[PDB]
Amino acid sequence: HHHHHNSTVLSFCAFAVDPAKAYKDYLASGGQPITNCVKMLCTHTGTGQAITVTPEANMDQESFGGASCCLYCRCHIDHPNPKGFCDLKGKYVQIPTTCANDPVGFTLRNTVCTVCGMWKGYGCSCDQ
């Protein structure tokens, strides 16, 4: 059985003392990723950079509205920095197609190369 409910998951995380860990542990337990991230119409011929002013998905990505892929925005809670600043809100986020089932998890787990603007491990081809 069990019917599933996005709001159940978001409620659980929103009211957790550590929402990021709550979501991470929930996924690790086999939980269904947060759905309904807002997928954009785009050419799929963009730069493939992680977080952009307009959609920039390449052939191997999807572009989504940034806030819809942000755990803190989606939970309607303050962001984890003194300023309360969200890097995603008002922007567009590119998610590799293999991970597009869980954009919120993807943005939580991953980091952007400050040099090339691509996701580390998913686009950055800078020398190591």
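Residue indices: 1-based, along the sequence shown.
Out of 110 to 118 and 20 to 28, which stretch has the higher average CA B-factor listed in the record? The stretch with the larger mean CA B-factor is 110 to 118.
Greater mean Cα temperature factor according to the PDB record, 77 to 85 or 54 to 62: It is 77 to 85 that shows the higher mean C-alpha B-factor.
Would you check the entry's CA temperature factor for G46 and let me know if it's in the chain's lowest, middle or highest third? Its C-alpha B-factor, which the entry lists for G46, ranks in the middle third among residues of this chain.
If you rank every modelled residue in this chain by C-alpha B factor, which third holds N6: lowest, middle or highest? Middle third, going by the recorded CA B-factors of the chain.
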